[PDB]
There are 2 protein chains.
Amino acid sequence: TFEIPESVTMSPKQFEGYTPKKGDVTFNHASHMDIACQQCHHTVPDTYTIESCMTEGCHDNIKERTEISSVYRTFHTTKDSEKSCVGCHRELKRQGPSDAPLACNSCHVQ
Amino acid sequence: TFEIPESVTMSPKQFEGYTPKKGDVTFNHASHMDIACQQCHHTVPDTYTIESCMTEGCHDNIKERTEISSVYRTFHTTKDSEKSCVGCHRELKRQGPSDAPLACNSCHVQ
Ligand code: HEM
Ligand code: HEM
Ligand code: HEM
Ligand code: HEM
Ligand code: HEM
Ligand code: HEM
Ligand code: HEM
Ligand code: HEM
């Protein structure tokens, strides 16, 4: 019965007491379909559910930036190539010509 | 919001006009958690849902046995080591000592 959402618009406006500096990000599963679900959704064994990365207790820290709980580190770190957006996209380029976006405005759009 | 069922009791009693020869099978995700979800649930790209293997149109053929749609071939074939139950369990033994069940009554229980 479980249905997967193809497109997902990730947003910083989720955090009430904060002012977003960049635009929203649209994530598409289709282009990432070859990667194991649990590779990105790495906490499935912990809760037996698939949930937002920015859930309370996970990567919901918007005030600090260097912390593992930080929204910034999590999606832009190159120290992780499995589940970090830019982290993986950068790693693909070392493996050969890749179009996986690195430019800020190629990810942050609307 | 998506919740995964740890234990799943697969049964042949689903097919009304049929008499099961073996007992039900209990599948546990915990012991299989290291395998990519889409490896077993191989039709996710097709429907963007995770559904029963024995759904109408999939592996629901109980009358024929050699067919890809056959409940028997699907779960006991050794010609596939990715998503066939005995197929993978057998392959593990070639990779080193394994306890993944091959005996009929180690899978069919209640
Ligand atoms: C594998 C085919 C796979 C599944 C299954 C899956 C599910 C899934 C769901 C159900 C959502 C919505 C979760 C919710 O209830 O909020 C969701 C969202 C995102 N996913 Fe996913 N996902 C699968 C695979 C992948 C892969 C390989 C990645 C990483 C490249 C990935 C990532 C994400 C992201 C990011 C989201 C948005 C999360 C958010 O905070 O809004 N998924 N996925
Ligand atoms: C959503 C698909 C999601 C992403 C993306 C994501 C990424 C991520 C990274 C980059 C790390 C850093 C690892 C490192 O520094 O090497 C990481 C680590 C942890 N995460 Fe995560 N994470 C996503 C989702 C979730 C969810 C829903 C939670 C909360 C249940 C969560 C938690 C954590 C924790 C804790 C860590 C560090 C310890 C660990 O278990 O690895 N993540 N995540
Ligand atoms: C992190 C949650 C994340 C986001 C966001 C993201 C976005 C993204 C975009 C915008 C594209 C372009 C196409 C599209 O919009 O669908 C794209 C493409 C690829 N990505 Fe990605 N991506 C995120 C995470 C990850 C992770 C962690 C990996 C690697 C394990 C990954 C990989 C890829 C690949 C492969 C592509 C295909 C591009 C191609 O050249 O065909 N992404 N991603
Ligand atoms: C380019 C170096 C770049 C910048 C700068 C940038 C900024 C940024 C900020 C500050 C946030 C926090 C929220 C805000 O609006 O201020 C944020 C969050 C996310 N980003 Fe980003 N981002 C840049 C580049 C990229 C690239 C190339 C991707 C996609 C691979 C990407 C993805 C994300 C995601 C996902 C988030 C979290 C959800 C959100 O707040 O939109 N960023 N980024
Ligand atoms: C990866 C962490 C993963 C997810 C996600 C997943 C989901 C899932 C669901 C939601 C069900 C119930 C489906 C329904 O609505 O009927 C389910 C059932 C089974 N799964 Fe699964 N599953 C994940 C991973 C794995 C892996 C790696 C395997 C293969 C070893 C696997 C297999 C199965 C089987 C068999 C069932 C029962 C199907 C039936 O016909 O009743 N899952 N899974
Ligand atoms: C449920 C998790 C499930 C299992 C288990 C499963 C196994 C399986 C095998 C062993 C094959 C044979 C491949 C070969 O001969 O090399 C196979 C092939 C197909 N399947 Fe399947 N399958 C499971 C689930 C599903 C579901 C829910 C459907 C129906 C949407 C489905 C369909 C098919 C089809 C069609 C094939 C052959 C062609 C192909 O796309 O690979 N399966 N499956
Ligand atoms: C096919 C849907 C399938 C079933 C059914 C199944 C059952 C099964 C059992 C009964 C065990 C024993 C433990 C338990 O009951 O949870 C077990 C263990 C392992 N399995 Fe399995 N298994 C099915 C499918 C698959 C597939 C397709 C693979 C390989 C890609 C696989 C692998 C394993 C592994 C690994 C174990 C761990 C045993 C160990 O020595 O620790 N199974 N499976
Ligand atoms: C041992 C060689 C063995 C036999 C024999 C056996 C039989 C069998 C039949 C005939 C079915 C159809 C339904 C019925 O009750 O008659 C069936 C279906 C499944 N089996 Fe099986 N099975 C044997 C062994 C194994 C092993 C080792 C596993 C687990 C790795 C296994 C799994 C399954 C699954 C799953 C099904 C489908 C769901 C069901 O009908 O119970 N079998 N098997």
# chains A, B, ... in the order shown; residues from 1 in each chain; ligands from 1
$ residues_near_ligand --ligand "ligand 4" --cutoff "10 Å" --atoms "only C-alpha atoms and all ligand atoms" --output "PyMOL selection string"
chain A and resi 9-15+18-27+53-54+59-60+62-63+65+70-77+84-90+100-110
$ residues_near_ligand --ligand "ligand 1" --cutoff "6 Å" --atoms "only C-alpha atoms and all ligand atoms" --output "mmCIF file with N, CA and C atoms, in the first residue's frame"
data_model
loop_
_atom_site.group_PDB
_atom_site.id
_atom_site.type_symbol
_atom_site.label_atom_id
_atom_site.label_comp_id
_atom_site.auth_asym_id
_atom_site.auth_seq_id
_atom_site.Cartn_x
_atom_site.Cartn_y
_atom_site.Cartn_z
ATOM 1 N N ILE A 4 5.324 6.047 -2.842
ATOM 2 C CA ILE A 4 6.472 6.939 -2.795
ATOM 3 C C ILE A 4 6.189 8.218 -3.576
ATOM 4 N N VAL A 8 9.562 16.029 -4.311
ATOM 5 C CA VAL A 8 9.454 16.487 -2.934
ATOM 6 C C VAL A 8 10.120 17.857 -2.822
ATOM 7 N N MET A 10 11.686 20.348 -0.644
ATOM 8 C CA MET A 10 12.265 20.568 0.671
ATOM 9 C C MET A 10 12.348 22.074 0.885
ATOM 10 N N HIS A 29 12.928 11.484 -6.794
ATOM 11 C CA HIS A 29 13.360 10.111 -6.582
ATOM 12 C C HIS A 29 13.753 9.384 -7.878
ATOM 13 N N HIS A 32 17.232 9.273 -8.755
ATOM 14 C CA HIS A 32 18.009 8.625 -7.704
ATOM 15 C C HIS A 32 17.562 7.186 -7.458
ATOM 16 N N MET A 33 16.693 6.677 -8.321
ATOM 17 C CA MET A 33 16.139 5.337 -8.154
ATOM 18 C C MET A 33 17.112 4.160 -8.077
ATOM 19 N N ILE A 35 19.809 4.095 -6.283
ATOM 20 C CA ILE A 35 20.470 4.069 -4.985
ATOM 21 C C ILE A 35 19.540 3.419 -3.977
ATOM 22 N N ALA A 36 20.098 2.559 -3.128
ATOM 23 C CA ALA A 36 19.331 1.863 -2.097
ATOM 24 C C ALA A 36 18.553 2.861 -1.231
ATOM 25 N N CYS A 37 17.272 2.585 -1.008
ATOM 26 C CA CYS A 37 16.446 3.465 -0.201
ATOM 27 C C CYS A 37 17.100 3.775 1.144
ATOM 28 N N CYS A 40 20.074 6.604 1.795
ATOM 29 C CA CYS A 40 19.747 7.992 2.107
ATOM 30 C C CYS A 40 18.925 8.004 3.382
ATOM 31 N N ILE A 50 9.892 5.725 7.179
ATOM 32 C CA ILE A 50 10.694 6.590 6.334
ATOM 33 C C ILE A 50 10.118 7.963 6.645
ATOM 34 N N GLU A 51 10.971 8.850 7.138
ATOM 35 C CA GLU A 51 10.537 10.187 7.508
ATOM 36 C C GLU A 51 11.449 11.303 6.996
ATOM 37 N N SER A 52 10.956 12.532 7.109
ATOM 38 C CA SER A 52 11.684 13.727 6.689
ATOM 39 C C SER A 52 13.065 13.794 7.353
ATOM 40 N N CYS A 53 14.087 14.240 6.623
ATOM 41 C CA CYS A 53 15.430 14.336 7.209
ATOM 42 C C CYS A 53 15.447 15.409 8.287
ATOM 43 N N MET A 54 14.614 16.422 8.093
ATOM 44 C CA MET A 54 14.538 17.556 9.002
ATOM 45 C C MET A 54 13.500 17.415 10.115
ATOM 46 N N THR B 1 5.968 9.158 7.005
ATOM 47 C CA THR B 1 4.791 8.477 7.640
ATOM 48 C C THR B 1 4.778 6.960 7.374
ATOM 49 N N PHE B 2 5.424 6.551 6.284
ATOM 50 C CA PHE B 2 5.502 5.151 5.873
ATOM 51 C C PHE B 2 6.101 4.212 6.921
ATOM 52 N N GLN B 38 14.687 -1.972 -2.877
ATOM 53 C CA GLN B 38 14.315 -2.248 -4.254
ATOM 54 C C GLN B 38 14.935 -3.509 -4.868
#
$ closest_residue --among "A:28, A:95, A:49, A:69" --to "chain B" --atoms "only C-alpha atoms"
A:49
$ select_by_dssp --residues "chain A" --states "alpha helix (DSSP H)" --output "list in words"
residues 37, 38, 39, 40, 44, 45, 46, 47, 71, 72, 73, 74, 75, 76, 85, 86, 87, 88, 89, 90, 91, 92, 93, 94, 104, 105, 106 and 107 of chain A
$ write_last_selection --atoms "N, CA and C atoms" --output "compact mmCIF listing (two decimals), in the first residue's frame"
# COMPACT_ATOMS: atom_id res chain seq x y z
N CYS A 37 17.27 2.58 -1.01
CA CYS A 37 16.45 3.46 -0.20
C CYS A 37 17.10 3.78 1.14
N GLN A 38 17.51 2.74 1.88
CA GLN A 38 18.12 2.95 3.18
C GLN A 38 19.48 3.66 3.17
N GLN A 39 20.09 3.84 2.00
CA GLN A 39 21.37 4.55 1.94
C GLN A 39 21.15 6.01 2.32
N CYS A 40 20.07 6.60 1.79
CA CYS A 40 19.75 7.99 2.11
C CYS A 40 18.93 8.00 3.38
N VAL A 44 16.13 4.03 8.90
CA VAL A 44 15.01 3.09 8.80
C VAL A 44 15.10 1.97 9.84
N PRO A 45 16.30 1.42 10.07
CA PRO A 45 16.39 0.35 11.07
C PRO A 45 16.02 0.85 12.47
N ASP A 46 16.19 2.14 12.70
CA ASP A 46 15.91 2.73 14.01
C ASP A 46 14.44 2.91 14.36
N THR A 47 13.63 3.25 13.36
CA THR A 47 12.22 3.51 13.59
C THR A 47 11.25 2.70 12.75
N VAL A 71 21.10 21.73 9.41
CA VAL A 71 20.54 21.59 8.08
C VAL A 71 21.64 21.83 7.04
N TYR A 72 22.54 22.78 7.31
CA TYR A 72 23.61 23.09 6.36
C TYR A 72 24.65 21.99 6.18
N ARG A 73 25.26 21.56 7.27
CA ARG A 73 26.28 20.52 7.17
C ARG A 73 25.73 19.30 6.44
N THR A 74 24.60 18.80 6.92
CA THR A 74 23.92 17.61 6.40
C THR A 74 23.77 17.51 4.88
N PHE A 75 23.32 18.59 4.25
CA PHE A 75 23.09 18.58 2.82
C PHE A 75 24.20 19.13 1.92
N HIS A 76 25.25 19.70 2.51
CA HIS A 76 26.34 20.26 1.72
C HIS A 76 27.73 19.71 2.05
N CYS A 85 23.84 15.53 -0.19
CA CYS A 85 23.53 15.92 -1.56
C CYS A 85 24.78 16.32 -2.34
N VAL A 86 25.44 17.40 -1.93
CA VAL A 86 26.64 17.83 -2.66
C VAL A 86 27.77 16.83 -2.43
N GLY A 87 27.76 16.17 -1.28
CA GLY A 87 28.79 15.18 -1.00
C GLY A 87 28.83 14.08 -2.05
N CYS A 88 27.67 13.56 -2.43
CA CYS A 88 27.62 12.51 -3.44
C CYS A 88 27.84 13.07 -4.84
N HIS A 89 27.16 14.17 -5.15
CA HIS A 89 27.28 14.79 -6.47
C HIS A 89 28.74 15.09 -6.82
N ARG A 90 29.52 15.51 -5.83
CA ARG A 90 30.93 15.82 -6.04
C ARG A 90 31.72 14.54 -6.31
N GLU A 91 31.39 13.48 -5.57
CA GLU A 91 32.06 12.19 -5.70
C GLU A 91 31.82 11.57 -7.09
N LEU A 92 30.65 11.81 -7.65
CA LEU A 92 30.34 11.27 -8.97
C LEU A 92 31.29 11.82 -10.04
N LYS A 93 31.67 13.09 -9.91
CA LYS A 93 32.57 13.72 -10.86
C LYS A 93 33.95 13.08 -10.88
N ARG A 94 34.38 12.53 -9.75
CA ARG A 94 35.68 11.86 -9.69
C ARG A 94 35.58 10.52 -10.42
N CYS A 104 24.86 26.32 -6.42
CA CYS A 104 23.79 26.61 -5.47
C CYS A 104 22.43 26.73 -6.15
N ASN A 105 22.36 27.56 -7.18
CA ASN A 105 21.12 27.80 -7.89
C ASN A 105 20.67 26.72 -8.86
N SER A 106 21.36 25.59 -8.85
CA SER A 106 20.98 24.46 -9.69
C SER A 106 20.19 23.50 -8.80
N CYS A 107 20.25 23.74 -7.49
CA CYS A 107 19.52 22.94 -6.52
C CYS A 107 18.43 23.80 -5.90
$ atom_distance --atom1 "CA of residue 68 in chain A" --atom2 "atom 24 (C, counted along the ligand's line) of ligand 5"
27.0 Å
$ closest_residue --among "B:7, B:16, B:80, B:34" --to "ligand 6" --atoms "only C-alpha atoms and all ligand atoms"
B:80
$ select_by_dssp --residues "chain B" --states "strand (DSSP E)" --output "number ranges by chain"
B: 2-3, 7-10, 25-28, 49-50
$ write_last_selection --atoms "N, CA and C atoms" --output "compact mmCIF listing (two decimals), in the first residue's frame"
# COMPACT_ATOMS: atom_id res chain seq x y z
N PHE B 2 5.42 6.55 6.28
CA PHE B 2 5.50 5.15 5.87
C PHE B 2 6.10 4.21 6.92
N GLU B 3 5.32 3.23 7.36
CA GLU B 3 5.79 2.27 8.36
C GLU B 3 6.00 0.88 7.74
N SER B 7 7.58 -8.32 10.80
CA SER B 7 7.22 -9.69 10.45
C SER B 7 6.06 -9.69 9.47
N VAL B 8 6.12 -10.61 8.52
CA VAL B 8 5.09 -10.75 7.50
C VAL B 8 4.84 -12.24 7.26
N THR B 9 3.62 -12.70 7.51
CA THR B 9 3.33 -14.10 7.27
C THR B 9 2.75 -14.29 5.88
N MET B 10 3.58 -14.82 4.98
CA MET B 10 3.17 -15.08 3.61
C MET B 10 2.40 -16.40 3.62
N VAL B 25 4.76 -19.17 5.56
CA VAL B 25 6.13 -18.68 5.69
C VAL B 25 6.12 -17.32 6.38
N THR B 26 7.01 -17.14 7.35
CA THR B 26 7.12 -15.88 8.06
C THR B 26 8.39 -15.15 7.59
N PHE B 27 8.21 -13.99 6.98
CA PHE B 27 9.34 -13.20 6.51
C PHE B 27 9.64 -12.10 7.52
N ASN B 28 10.92 -11.91 7.83
CA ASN B 28 11.33 -10.89 8.77
C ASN B 28 12.29 -9.94 8.09
N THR B 49 5.17 2.16 -5.50
CA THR B 49 4.51 1.60 -4.33
C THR B 49 5.26 0.34 -3.99
N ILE B 50 5.12 -0.12 -2.76
CA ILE B 50 5.72 -1.38 -2.36
C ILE B 50 4.49 -2.25 -2.10
$ closest_residue --among "A:5, A:96, A:64, A:30" --to "ligand 3" --atoms "only C-alpha atoms and all ligand atoms"
A:30
$ atom_distance --atom1 "atom 6 (C, counted along the ligand's line) of ligand 6" --atom2 "CA of residue 6 in chain B"
18.1 Å
$ closest_residue --among "B:61, B:83, B:17, B:66" --to "ligand 6" --atoms "only C-alpha atoms and all ligand atoms"
B:83
$ atom_distance --atom1 "CA of residue 82 in chain A" --atom2 "CA of residue 41 in chain B"
21.2 Å
$ closest_residue --among "A:55, A:43, A:98, A:81" --to "ligand 5" --atoms "only C-alpha atoms and all ligand atoms"
A:43
